[PDB]
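Below is one structure, written out as structure tokens; the observations come after it.
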Protein chains: 2
Amino acid sequence: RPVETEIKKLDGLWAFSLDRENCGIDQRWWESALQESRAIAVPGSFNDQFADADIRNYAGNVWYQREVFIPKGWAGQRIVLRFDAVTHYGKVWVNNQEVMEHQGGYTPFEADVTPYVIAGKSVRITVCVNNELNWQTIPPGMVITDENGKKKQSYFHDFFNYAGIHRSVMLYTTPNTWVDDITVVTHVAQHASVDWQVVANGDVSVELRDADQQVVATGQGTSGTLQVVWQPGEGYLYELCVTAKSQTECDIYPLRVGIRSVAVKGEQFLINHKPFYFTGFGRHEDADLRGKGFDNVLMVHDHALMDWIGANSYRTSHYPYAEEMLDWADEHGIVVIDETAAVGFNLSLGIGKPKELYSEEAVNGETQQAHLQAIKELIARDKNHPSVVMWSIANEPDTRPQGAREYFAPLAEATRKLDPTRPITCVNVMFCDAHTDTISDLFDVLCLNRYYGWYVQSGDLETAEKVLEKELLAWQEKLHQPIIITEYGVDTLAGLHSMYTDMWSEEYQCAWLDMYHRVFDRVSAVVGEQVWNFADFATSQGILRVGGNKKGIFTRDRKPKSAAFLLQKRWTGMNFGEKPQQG
Amino acid sequence: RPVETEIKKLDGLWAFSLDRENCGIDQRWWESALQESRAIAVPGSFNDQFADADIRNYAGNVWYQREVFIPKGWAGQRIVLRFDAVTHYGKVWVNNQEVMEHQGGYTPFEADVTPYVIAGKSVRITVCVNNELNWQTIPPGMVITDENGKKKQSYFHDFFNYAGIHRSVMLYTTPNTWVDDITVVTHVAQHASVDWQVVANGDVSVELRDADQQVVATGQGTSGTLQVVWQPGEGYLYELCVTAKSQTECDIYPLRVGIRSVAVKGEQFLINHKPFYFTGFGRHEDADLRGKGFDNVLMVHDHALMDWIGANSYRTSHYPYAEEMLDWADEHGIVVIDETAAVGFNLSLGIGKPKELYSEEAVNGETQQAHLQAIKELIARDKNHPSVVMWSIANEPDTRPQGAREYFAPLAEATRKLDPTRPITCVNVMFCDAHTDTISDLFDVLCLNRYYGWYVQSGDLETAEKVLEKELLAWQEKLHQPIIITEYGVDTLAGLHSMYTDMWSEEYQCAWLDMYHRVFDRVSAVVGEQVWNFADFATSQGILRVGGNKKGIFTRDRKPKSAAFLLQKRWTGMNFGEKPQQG
Ligand SMILES: CCCCCCCCC[C@@H]1NC[C@@H](O)[C@H](O)[C@H]1C(=O)O
Ligand SMILES: CCCCCCCCC[C@@H]1NC[C@@H](O)[C@H](O)[C@H]1C(=O)O
């Protein structure tokens with residue numbers, strides 16, 4: 001992530017165009033200004049932006065374009081173009097010359113444009129964004145076509161498939177000796193932090209401070225770095241200046257790092273050798289009007305709501321969040337379970353198609369590879385953050401058909417070898433209980449999604465309590481692992497009230513979140529709770545979604561339901577980081 | 001009220017017609033079947049019944065009509081036609097002969113039709129209902145006209161002016177020796193119950209039982225009746241059979257009566273020599289679709305809600321309720337403050353006209369007389385009910401202009417002389433505080449309506465608490481009287497939520513009902529609380545009414561807001577009939 005000692009190109013509006021006939025790449029639309037274009041805002045999903053029904057569901061090729069002035073002060077320095085996130089696929093051109101491409105979507109991609117750019121004159125930038133999903137994209141999907149060439153995309157996750165440019169686009173400048181790769185690992189017993197470095201024609205000189213420039217250690221090398229002697233309450237974080245020296249130019253890069261070591265012991269999650277208890281939300285990158293587009297106002301407000309309601313942790317649910325969320329996350333010291341876009345590997349979640357989930361035509365080969373790629377990138381971007389205490393390879397995969405274990409074992413192995421300093425998990429779906437799941441052993445923490453009283457035993461608390469209890473303590477006796485409930489919630493209309501406290505009413509969300517909390521309290525292995533969704537969010541059209549997913553404690557415009565004050569009483573009434581002693 | 005030892009004529013549908021040109025009484029519409037009629041349901045207000053905007057606000061003359069068969073078994077007995085309630089004015093005809101008329105509205109009126117009726121053949125019944133209000137109606141109003149003769153009624157109360165036939169119509173039969181008048185007064189020290197009687201050519205023999213026909217006393221005469229030796233929890237009530245004997249026929253009439261004596265001592269309301277604390281609602285005779293029409297299902301459900309929420313008392317707000325509510329009220333033993341339709345005697349409640357409220361053109365002469373009449377009738381119908389512990393002459397009158405005291409003193413005197421066994425009150429408006437009110441001395445209990453934090457000091461709890469406190473203890477030091485707060489509430493949209501707990505949100509209704517309850521708890525003279533309205537109800541069109549009055553704890557279809565559970569926690573958490581010891 002860039003700092004300096006740049007011109008943020010995401011300012012203002014871009015030219016936006018559709019490619020229904022799919023003429024763009026053939027007719028070389030990037031070598032000219034978009035014919036019949038309209039203004040679009042970055043960052044922001046293109047679907048909700050124009051109130052156009054046909055634009056919202058369009059599946060194909062979209063074209064962004066924007067001219068920019070390259071500042072004169074960057075004469076002999078390398079000019080680099082960074083896209084913090086272009087959702088699903090993007091191919092970037094700089095003034096008649098093709099520079100870059102990436103099929104990531106929720107992770108950045110950058111390219112060196114020093115030759116193709118002459119600092120001082122205006123150059124045009126054309127981005128081709130694709131929002132298609134097949135079986136080798138993360139998350140997976142499948143497109144269908146018919147007569148008239150109308151393309152219709154179908155996917156297997158819940159949230160709506162927003163696309164476009166979702167995070168800032170940067171255009172940064174570094175001297176010809178840059179610090180391309182950095183790694184830092186911290187230890188603590190009852191300690192210090194090894195440092196790393198990768199550069200070109202430059203030596204490494206590492207120093208680190210605390211409050212302000214008050215160095216309290218130092219080191220000269222690409223290893224070791226140990227010296228003098230970060231909490232979930234405040235979050236004390238030192239500033240690690242890295243220096244790369246050359247004959248002519250010098251480079252200085254500041255990296256905030258917090259001393260912490262996370263490890264699992266029996267059925268306890270230890271951050272700095274202390275048992276913890278997770279409370280908070282599994283949220284989404286969703287908002288009114290802008291899709292998954294990032295915005296600072298929303299981050300400030302949502303963090304205010306989480307601070308008020310007593311949440312101490314949350315999970316970047318179902319895709320990598322914007323890194324600003326993680327910088328804030330280690331600033332205010334909130335625990336984060338980071339997760340990849342690996343979601344939807346299941347054909348059993350049917351609103352009420354290949355024949356076997358781990359066949360060749362679906363999830364085999366490039367699917368496993370590209371999943372390992374999403375791992376490699378998520379870790380290569382979020383490795384240094386002290387707020388990240390957990391890895392999460394995938395979310396709710398069907399592990400019942402033949403070949404699921406053969407799929408998930410190598411990913412666990414490679415991911416563990418990539419970052420051994422943090423525990424790893426895989427959130428499993430509800431249809432795979434303790435007697436049918438075959439993957440929960442590969443991972444350090446078991447994550448659970450449970451909806452007893454909603455999908456099954458619908459509306460019956462008296463029996464859903466028993467089934468949840470039996471399933472829970474049966475998990476505990478089965479694997480003797482720390483179990484975090486990462487999804488538990490029920491849909492609720494914001495204004496619907498009912499004397500009988502039946503489903504969809506706020507009284508049922510309150511009484512349903514309560515029983516789950518008692519069963520949570522009488523189980524020793526439950527190392528945390530995360531009510532399903534923070535706020536109501538947009539999903540695809542189905543007969544089970546009443547204008548999106550209504551399982552939020554807050555509405556979409558961030559207004560509280562009756563459960564927000566219940567949870568604010570529960571989480572702030574207990575001691576921070578502690579679980580109730582069975583009551 | 002009739003029993004026997006009848007044919008309820010309110011069964012099914014009646015013919016309904018409008019009189020826009022005002023031709024009815026002139027062209028003798030009762031002597032024929034209504035030309036161009038449509039089916040209407042009794043009981044039920046005619047305004048909401050047809051979804052017709054023009055029918056709902058129509059101000060003039062409406063015509064009901066229904067043929068009926070007079071049963072053969074009533075050959076030589078007197079046949080009487082009873083209208084339990086015809087709202088505002090009614091003139092009743094029986095088969096080409098005019099029998100009765102009444103300008104009451106919320107009280108019954110009956111007439112002897114033995115000559116005009118021959119039991120065995122069908123007779124027609126035509127009712128002329130008027131919904132107009134001038135300065136001599138209770139409640140008062142004033143009608144305006146223009147070109148095209150369009151009449152437009154304006155009144156000064158809040159609730160909508162529903163009209164029509166609102167309660168059952170009876171057609172009962174009694175032997176030629178009937179018991180026209182009965183009175184019963186009960187005493188209790190640390191006792192018995194004098195009896196009364198009025199008949200024609202019949203002697204009085206009085207006996208009374210308990211559970212079933214188990215007489216535990218007796219008496220032969222029209223006085224005395226004292227013998228052996230009713231609570232707000234259950235409500236034990238004896239059965240008093242009255243007998244009127246003649247040479248040929250005999251009459252037996254059962255009257256339930258509960259032993260109780262209510263009296264005010266200093267600043268305490270004593271029912272059976274015990275200090276009390278009022279909790280509950282000031283409700284309305286309003287419902288979806290039927291206007292003010294009575295219905296048993298609604299009474300059962302609303303009594304279920306009041307029983308659940310912990311209410312022990314309520315006030316028949318702004319008009320005499322249906323007597324079934326009072327029979328239920330003494331059955332389950334709920335305390336009732338009975339009130340007349342005397343409401344709207346104020347020109348200061350302006351949404352933001354004569355010149356002085358007690359002039360001759362407005363409130364003078366027949367206005368005072370007819371008010372005394374509404375008194376006389378309310379007392380003549382609800383005198384024997386043990387559930388009625390209080391008289392309430394009027395509600396929110398402007399007592400600031402010259403001549404208010406000269407108006408209200410004689411009504412208090414005559415009303416006290418009519419029923420001295422129960423305390424009397426007058427609910428005063430907010431604009432007349434302790435330093436400006438001039439009538440609160442005439443009455444036994446002072447009733448208060450207060451809206452600090454809503455109309456004045458809007459949205460500010462920190463100062464509305466001080467103003468409410470100062471006003472309250474200043475009342476206490478001023479008159480040293482028992483003060484019941486009979487109206488305190490704020491409007492609330494059923495589904496509107498807000499993190500800032502500002503006005504119209506459920507959080508503001510909760511936090512606003514709470515502060516009022518603390519200030520209630522630190523005042524010794526407050527002998528009860530009644531949150532303003534039980535359920536949202538229909539009012540006239542104004543810029544302050546969002547589809548009616550939203551100051552209800554429940555919605556109109558009887559669905560709870562966030563305050564219903566708060567009040568259910570407060571009222572059932574305290575001991576029944578007791579006020580918290582300042583906390
Ligand atoms: C026995 C299993 C019956 C069906 C259970 C389905 C659970 C699927 C959980 C789903 N997991 C994905 C999440 O985004 C969705 O919000 C959540 C949902 O349902 O809305
Ligand atoms: C200082 C006085 C400022 C204005 C206060 C007005 C209080 C009127 C109280 C009114 N009393 C009558 C009742 O039916 C209505 O529901 C209630 C209301 O407001 O809605």
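Each chain in the structure tokens gets a letter, A, B, ..., in the order shown, and its residues are numbered from 1; ligands are numbered from 1 in order too.
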| request: Fewer than 6 positions away in the same chain doesn't count, so skip those; otherwise give me all residues within 10 Å of residue 119 of chain B, counting only C-alpha atoms, as a list in words. | output: residues 69, 70, 71, 72, 73, 74, 75, 76, 77 and 79 of chain B
Kindly export the residues of the current selection with N, CA and C atoms, as an mmCIF file, in the first residue's frame.
data_model
loop_
_atom_site.group_PDB
_atom_site.id
_atom_site.type_symbol
_atom_site.label_atom_id
_atom_site.label_comp_id
_atom_site.auth_asym_id
_atom_site.auth_seq_id
_atom_site.Cartn_x
_atom_site.Cartn_y
_atom_site.Cartn_z
ATOM 1 N N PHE B 69 -90.289 -8.684 12.552
ATOM 2 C CA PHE B 69 -91.444 -9.445 13.006
ATOM 3 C C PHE B 69 -91.521 -9.391 14.524
ATOM 4 N N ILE B 70 -92.673 -8.967 15.040
ATOM 5 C CA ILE B 70 -92.903 -8.910 16.480
ATOM 6 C C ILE B 70 -93.417 -10.267 16.919
ATOM 7 N N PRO B 71 -92.725 -10.954 17.835
ATOM 8 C CA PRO B 71 -93.081 -12.337 18.165
ATOM 9 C C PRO B 71 -94.480 -12.451 18.752
ATOM 10 N N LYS B 72 -95.138 -13.572 18.438
ATOM 11 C CA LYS B 72 -96.513 -13.787 18.881
ATOM 12 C C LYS B 72 -96.614 -13.927 20.395
ATOM 13 N N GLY B 73 -95.570 -14.447 21.041
ATOM 14 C CA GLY B 73 -95.602 -14.684 22.475
ATOM 15 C C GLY B 73 -95.756 -13.434 23.320
ATOM 16 N N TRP B 74 -95.665 -12.248 22.717
ATOM 17 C CA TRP B 74 -95.826 -11.004 23.457
ATOM 18 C C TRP B 74 -97.177 -10.374 23.152
ATOM 19 N N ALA B 75 -98.260 -11.106 23.407
ATOM 20 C CA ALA B 75 -99.596 -10.630 23.071
ATOM 21 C C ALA B 75 -100.004 -9.438 23.929
ATOM 22 N N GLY B 76 -100.221 -9.671 25.222
ATOM 23 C CA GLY B 76 -100.737 -8.637 26.098
ATOM 24 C C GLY B 76 -99.697 -7.940 26.952
ATOM 25 N N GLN B 77 -98.425 -8.111 26.616
ATOM 26 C CA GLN B 77 -97.344 -7.426 27.307
ATOM 27 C C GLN B 77 -96.962 -6.159 26.556
ATOM 28 N N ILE B 79 -94.724 -3.779 24.596
ATOM 29 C CA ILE B 79 -93.603 -3.920 23.678
ATOM 30 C C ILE B 79 -92.857 -2.595 23.648
#
| request: Check every residue of chain A for an atom within 8 Å of chain B, counting only C-alpha atoms, and provide those that qualify as a ChimeraX atom specification. | output: /A:494-499,559-562
| Contacts with ligand 2 at most 8 Å, only C-alpha atoms and all ligand atoms counted, listed as number ranges by chain | B: 157-159, 318, 349, 395-396, 429-432, 449-451, 455-456, 487, 532-533, 549, 551
From the DSSP assignment of the backbone, select every residue of segment 360-468 of chain A that is helix (DSSP H, G or I), and format the answer as a PDB file with N, CA, C and O atoms, in the first residue's frame.
ATOM      1  N   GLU A 366      -8.355 -25.777 -12.637  1.00  0.00           N
ATOM      2  CA  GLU A 366      -8.162 -24.338 -12.507  1.00  0.00           C
ATOM      3  C   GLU A 366      -8.997 -23.768 -11.367  1.00  0.00           C
ATOM      4  O   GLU A 366      -8.656 -22.721 -10.812  1.00  0.00           O
ATOM      5  N   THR A 367     -10.086 -24.438 -10.987  1.00  0.00           N
ATOM      6  CA  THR A 367     -10.862 -23.954  -9.849  1.00  0.00           C
ATOM      7  C   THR A 367     -10.043 -24.035  -8.566  1.00  0.00           C
ATOM      8  O   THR A 367      -9.943 -23.056  -7.814  1.00  0.00           O
ATOM      9  N   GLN A 368      -9.430 -25.194  -8.311  1.00  0.00           N
ATOM     10  CA  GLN A 368      -8.565 -25.335  -7.144  1.00  0.00           C
ATOM     11  C   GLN A 368      -7.355 -24.414  -7.238  1.00  0.00           C
ATOM     12  O   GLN A 368      -6.967 -23.781  -6.247  1.00  0.00           O
ATOM     13  N   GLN A 369      -6.743 -24.332  -8.422  1.00  0.00           N
ATOM     14  CA  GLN A 369      -5.604 -23.441  -8.615  1.00  0.00           C
ATOM     15  C   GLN A 369      -5.967 -22.001  -8.279  1.00  0.00           C
ATOM     16  O   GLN A 369      -5.362 -21.386  -7.399  1.00  0.00           O
ATOM     17  N   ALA A 370      -6.968 -21.454  -8.973  1.00  0.00           N
ATOM     18  CA  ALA A 370      -7.381 -20.068  -8.774  1.00  0.00           C
ATOM     19  C   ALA A 370      -7.853 -19.810  -7.350  1.00  0.00           C
ATOM     20  O   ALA A 370      -7.740 -18.680  -6.859  1.00  0.00           O
ATOM     21  N   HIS A 371      -8.402 -20.824  -6.674  1.00  0.00           N
ATOM     22  CA  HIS A 371      -8.687 -20.668  -5.250  1.00  0.00           C
ATOM     23  C   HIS A 371      -7.392 -20.470  -4.467  1.00  0.00           C
ATOM     24  O   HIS A 371      -7.272 -19.537  -3.659  1.00  0.00           O
ATOM     25  N   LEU A 372      -6.395 -21.328  -4.715  1.00  0.00           N
ATOM     26  CA  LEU A 372      -5.080 -21.123  -4.111  1.00  0.00           C
ATOM     27  C   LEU A 372      -4.521 -19.747  -4.454  1.00  0.00           C
ATOM     28  O   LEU A 372      -3.789 -19.154  -3.652  1.00  0.00           O
ATOM     29  N   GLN A 373      -4.870 -19.215  -5.628  1.00  0.00           N
ATOM     30  CA  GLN A 373      -4.425 -17.881  -6.013  1.00  0.00           C
ATOM     31  C   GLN A 373      -5.089 -16.816  -5.152  1.00  0.00           C
ATOM     32  O   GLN A 373      -4.418 -15.915  -4.639  1.00  0.00           O
ATOM     33  N   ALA A 374      -6.413 -16.899  -4.990  1.00  0.00           N
ATOM     34  CA  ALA A 374      -7.110 -15.966  -4.108  1.00  0.00           C
ATOM     35  C   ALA A 374      -6.516 -15.997  -2.708  1.00  0.00           C
ATOM     36  O   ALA A 374      -6.360 -14.948  -2.064  1.00  0.00           O
ATOM     37  N   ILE A 375      -6.164 -17.194  -2.224  1.00  0.00           N
ATOM     38  CA  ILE A 375      -5.404 -17.294  -0.978  1.00  0.00           C
ATOM     39  C   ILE A 375      -4.133 -16.461  -1.076  1.00  0.00           C
ATOM     40  O   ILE A 375      -3.948 -15.487  -0.338  1.00  0.00           O
ATOM     41  N   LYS A 376      -3.251 -16.826  -2.015  1.00  0.00           N
ATOM     42  CA  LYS A 376      -1.940 -16.190  -2.132  1.00  0.00           C
ATOM     43  C   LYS A 376      -2.037 -14.669  -2.156  1.00  0.00           C
ATOM     44  O   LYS A 376      -1.191 -13.974  -1.580  1.00  0.00           O
ATOM     45  N   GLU A 377      -3.060 -14.130  -2.818  1.00  0.00           N
ATOM     46  CA  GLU A 377      -3.183 -12.681  -2.927  1.00  0.00           C
ATOM     47  C   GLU A 377      -3.704 -12.069  -1.631  1.00  0.00           C
ATOM     48  O   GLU A 377      -3.152 -11.071  -1.146  1.00  0.00           O
ATOM     49  N   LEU A 378      -4.761 -12.656  -1.055  1.00  0.00           N
ATOM     50  CA  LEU A 378      -5.264 -12.160   0.224  1.00  0.00           C
ATOM     51  C   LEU A 378      -4.154 -12.108   1.266  1.00  0.00           C
ATOM     52  O   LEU A 378      -4.009 -11.111   1.987  1.00  0.00           O
ATOM     53  N   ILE A 379      -3.348 -13.168   1.342  1.00  0.00           N
ATOM     54  CA  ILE A 379      -2.264 -13.204   2.316  1.00  0.00           C
ATOM     55  C   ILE A 379      -1.159 -12.230   1.926  1.00  0.00           C
ATOM     56  O   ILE A 379      -0.545 -11.594   2.789  1.00  0.00           O
ATOM     57  N   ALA A 380      -0.901 -12.080   0.624  1.00  0.00           N
ATOM     58  CA  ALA A 380       0.165 -11.188   0.193  1.00  0.00           C
ATOM     59  C   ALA A 380      -0.194  -9.727   0.407  1.00  0.00           C
ATOM     60  O   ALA A 380       0.694  -8.871   0.352  1.00  0.00           O
ATOM     61  N   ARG A 381      -1.468  -9.423   0.649  1.00  0.00           N
ATOM     62  CA  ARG A 381      -1.868  -8.052   0.933  1.00  0.00           C
ATOM     63  C   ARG A 381      -2.139  -7.787   2.407  1.00  0.00           C
ATOM     64  O   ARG A 381      -1.860  -6.682   2.882  1.00  0.00           O
ATOM     65  N   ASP A 382      -2.671  -8.762   3.149  1.00  0.00           N
ATOM     66  CA  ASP A 382      -3.101  -8.537   4.527  1.00  0.00           C
ATOM     67  C   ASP A 382      -2.244  -9.283   5.550  1.00  0.00           C
ATOM     68  O   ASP A 382      -2.709  -9.563   6.657  1.00  0.00           O
ATOM     69  N   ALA A 404     -14.562 -33.839  -1.843  1.00  0.00           N
ATOM     70  CA  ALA A 404     -14.409 -32.556  -1.165  1.00  0.00           C
ATOM     71  C   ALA A 404     -13.102 -32.497  -0.385  1.00  0.00           C
ATOM     72  O   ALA A 404     -12.376 -31.495  -0.440  1.00  0.00           O
ATOM     73  N   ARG A 405     -12.788 -33.566   0.351  1.00  0.00           N
ATOM     74  CA  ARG A 405     -11.568 -33.587   1.152  1.00  0.00           C
ATOM     75  C   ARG A 405     -10.331 -33.519   0.268  1.00  0.00           C
ATOM     76  O   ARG A 405      -9.380 -32.780   0.565  1.00  0.00           O
ATOM     77  N   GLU A 406     -10.337 -34.277  -0.833  1.00  0.00           N
ATOM     78  CA  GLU A 406      -9.253 -34.214  -1.808  1.00  0.00           C
ATOM     79  C   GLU A 406      -9.057 -32.800  -2.334  1.00  0.00           C
ATOM     80  O   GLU A 406      -7.941 -32.426  -2.715  1.00  0.00           O
ATOM     81  N   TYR A 407     -10.122 -31.998  -2.351  1.00  0.00           N
ATOM     82  CA  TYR A 407     -10.016 -30.610  -2.783  1.00  0.00           C
ATOM     83  C   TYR A 407      -9.426 -29.727  -1.690  1.00  0.00           C
ATOM     84  O   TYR A 407      -8.487 -28.963  -1.938  1.00  0.00           O
ATOM     85  N   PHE A 408      -9.961 -29.823  -0.470  1.00  0.00           N
ATOM     86  CA  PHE A 408      -9.639 -28.843   0.562  1.00  0.00           C
ATOM     87  C   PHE A 408      -8.332 -29.123   1.296  1.00  0.00           C
ATOM     88  O   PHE A 408      -7.782 -28.197   1.905  1.00  0.00           O
ATOM     89  N   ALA A 409      -7.823 -30.354   1.264  1.00  0.00           N
ATOM     90  CA  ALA A 409      -6.570 -30.632   1.970  1.00  0.00           C
ATOM     91  C   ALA A 409      -5.383 -29.847   1.413  1.00  0.00           C
ATOM     92  O   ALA A 409      -4.684 -29.185   2.204  1.00  0.00           O
ATOM     93  N   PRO A 410      -5.094 -29.862   0.101  1.00  0.00           N
ATOM     94  CA  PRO A 410      -3.906 -29.132  -0.377  1.00  0.00           C
ATOM     95  C   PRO A 410      -3.973 -27.636  -0.125  1.00  0.00           C
ATOM     96  O   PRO A 410      -2.941 -27.016   0.165  1.00  0.00           O
ATOM     97  N   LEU A 411      -5.162 -27.036  -0.233  1.00  0.00           N
ATOM     98  CA  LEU A 411      -5.294 -25.608   0.039  1.00  0.00           C
ATOM     99  C   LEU A 411      -4.937 -25.289   1.484  1.00  0.00           C
ATOM    100  O   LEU A 411      -4.239 -24.304   1.760  1.00  0.00           O
ATOM    101  N   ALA A 412      -5.402 -26.119   2.421  1.00  0.00           N
ATOM    102  CA  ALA A 412      -5.020 -25.943   3.817  1.00  0.00           C
ATOM    103  C   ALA A 412      -3.512 -26.073   3.993  1.00  0.00           C
ATOM    104  O   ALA A 412      -2.894 -25.263   4.693  1.00  0.00           O
ATOM    105  N   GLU A 413      -2.901 -27.075   3.353  1.00  0.00           N
ATOM    106  CA  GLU A 413      -1.458 -27.262   3.496  1.00  0.00           C
ATOM    107  C   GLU A 413      -0.682 -26.045   2.995  1.00  0.00           C
ATOM    108  O   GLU A 413       0.135 -25.469   3.726  1.00  0.00           O
ATOM    109  N   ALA A 414      -0.929 -25.638   1.746  1.00  0.00           N
ATOM    110  CA  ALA A 414      -0.192 -24.513   1.175  1.00  0.00           C
ATOM    111  C   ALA A 414      -0.438 -23.231   1.962  1.00  0.00           C
ATOM    112  O   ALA A 414       0.498 -22.466   2.224  1.00  0.00           O
ATOM    113  N   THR A 415      -1.690 -22.986   2.356  1.00  0.00           N
ATOM    114  CA  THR A 415      -1.998 -21.780   3.118  1.00  0.00           C
ATOM    115  C   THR A 415      -1.274 -21.771   4.460  1.00  0.00           C
ATOM    116  O   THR A 415      -0.763 -20.731   4.893  1.00  0.00           O
ATOM    117  N   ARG A 416      -1.227 -22.922   5.136  1.00  0.00           N
ATOM    118  CA  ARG A 416      -0.495 -23.006   6.397  1.00  0.00           C
ATOM    119  C   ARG A 416       0.992 -22.753   6.189  1.00  0.00           C
ATOM    120  O   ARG A 416       1.636 -22.089   7.009  1.00  0.00           O
ATOM    121  N   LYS A 417       1.560 -23.283   5.101  1.00  0.00           N
ATOM    122  CA  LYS A 417       2.975 -23.039   4.840  1.00  0.00           C
ATOM    123  C   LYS A 417       3.242 -21.580   4.490  1.00  0.00           C
ATOM    124  O   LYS A 417       4.353 -21.084   4.710  1.00  0.00           O
ATOM    125  N   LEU A 418       2.241 -20.875   3.960  1.00  0.00           N
ATOM    126  CA  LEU A 418       2.439 -19.480   3.574  1.00  0.00           C
ATOM    127  C   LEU A 418       2.480 -18.558   4.790  1.00  0.00           C
ATOM    128  O   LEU A 418       3.357 -17.693   4.890  1.00  0.00           O
ATOM    129  N   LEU A 461     -38.943 -22.384  19.270  1.00  0.00           N
ATOM    130  CA  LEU A 461     -37.781 -22.191  20.134  1.00  0.00           C
ATOM    131  C   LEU A 461     -37.520 -23.422  20.997  1.00  0.00           C
ATOM    132  O   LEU A 461     -36.361 -23.812  21.205  1.00  0.00           O
ATOM    133  N   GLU A 462     -38.591 -24.049  21.498  1.00  0.00           N
ATOM    134  CA  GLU A 462     -38.462 -25.089  22.512  1.00  0.00           C
ATOM    135  C   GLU A 462     -37.652 -26.279  22.014  1.00  0.00           C
ATOM    136  O   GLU A 462     -36.966 -26.932  22.809  1.00  0.00           O
ATOM    137  N   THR A 463     -37.712 -26.576  20.717  1.00  0.00           N
ATOM    138  CA  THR A 463     -36.944 -27.681  20.156  1.00  0.00           C
ATOM    139  C   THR A 463     -35.656 -27.231  19.483  1.00  0.00           C
ATOM    140  O   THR A 463     -34.664 -27.969  19.516  1.00  0.00           O
ATOM    141  N   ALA A 464     -35.644 -26.038  18.882  1.00  0.00           N
ATOM    142  CA  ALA A 464     -34.413 -25.529  18.290  1.00  0.00           C
ATOM    143  C   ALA A 464     -33.340 -25.312  19.348  1.00  0.00           C
ATOM    144  O   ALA A 464     -32.144 -25.423  19.052  1.00  0.00           O
ATOM    145  N   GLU A 465     -33.747 -25.010  20.584  1.00  0.00           N
ATOM    146  CA  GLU A 465     -32.784 -24.945  21.679  1.00  0.00           C
ATOM    147  C   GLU A 465     -32.129 -26.302  21.916  1.00  0.00           C
ATOM    148  O   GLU A 465     -30.905 -26.390  22.087  1.00  0.00           O
ATOM    149  N   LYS A 466     -32.927 -27.375  21.916  1.00  0.00           N
ATOM    150  CA  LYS A 466     -32.375 -28.709  22.135  1.00  0.00           C
ATOM    151  C   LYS A 466     -31.467 -29.129  20.989  1.00  0.00           C
ATOM    152  O   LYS A 466     -30.392 -29.691  21.219  1.00  0.00           O
ATOM    153  N   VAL A 467     -31.891 -28.886  19.746  1.00  0.00           N
ATOM    154  CA  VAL A 467     -31.089 -29.304  18.600  1.00  0.00           C
ATOM    155  C   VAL A 467     -29.782 -28.524  18.547  1.00  0.00           C
ATOM    156  O   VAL A 467     -28.714 -29.090  18.277  1.00  0.00           O
ATOM    157  N   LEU A 468     -29.844 -27.214  18.805  1.00  0.00           N
ATOM    158  CA  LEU A 468     -28.625 -26.413  18.840  1.00  0.00           C
ATOM    159  C   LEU A 468     -27.697 -26.875  19.956  1.00  0.00           C
ATOM    160  O   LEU A 468     -26.477 -26.960  19.765  1.00  0.00           O
TER     161      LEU A 468
END
| said: Give me, as a PyMOL selection string, all polymer residues having an atom no more than 12 Å from residue 229 of chain B, counting only C-alpha atoms and skipping those fewer than 6 positions away in the same chain. | reply: chain B and resi 187-193+216-217+259
| task | Check the smallest atom-to-atom distance from each of A:425, A:280, A:156, A:195 to ligand 1 using only C-alpha atoms and all ligand atoms, then report the winner. | result |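 Ranked by minimum distance to ligand 1, first place goes to A:156.
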| request: Apply DSSP to the backbone of this structure and, from segment 72-133 of chain B, keep only the residues in strand (DSSP E); write these as number ranges by chain. | output: B: 78-83, 86-87, 89-94, 98-102, 109-112, 122-130
| field | Option closest in space to residue 286 of chain A, from A:539, A:186, A:364, A:65 [counting only C-alpha atoms] | value | A:539
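Interatomic distance, atom CA of residue 177 of chain A to atom CA of residue 204 of chain A: 11.1 Å.
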